[PDB]
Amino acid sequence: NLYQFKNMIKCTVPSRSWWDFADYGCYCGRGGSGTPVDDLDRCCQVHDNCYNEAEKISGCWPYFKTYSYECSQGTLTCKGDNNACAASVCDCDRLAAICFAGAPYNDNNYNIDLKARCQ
């Protein structure tokens, strides 16, 4: 669920706040369109995609689904007690949070005018 995803990003990029990622580029934020502006935005495109696949499990609602995972020293893992929905949503979230820790954060790419950069 949404809070768990915010917590995974805390596990992996403790220095940044959730809101630095929530409105970044063309994809980290509601929807997405265009070509990802950089590698971080590319992480977001892969995550919007992954949620899309997860949503084909009937009744699987990514932002509301509570799953089971563990953070240990910057490492993330999805536990075995997850049902199929919970296991897919958790996997989407941990791959995005790991991806965000390895991308450079470009401040010029936060809160961009989507109308001019993301066709």
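Residue indices: 1-based, along the sequence shown.
- Higher average CA B factor: 45-53, of the stretches 45-53 and 67-75.
- Higher average CA B factor: 108-116, of the stretches 108-116 and 2-10.
- Sorting the modelled residues of the chain by their CA temperature factor places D38 in the middle third.
- In this PDB entry, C26 carries a Cα temperature factor that places it within the highest third of its chain's modelled residues.
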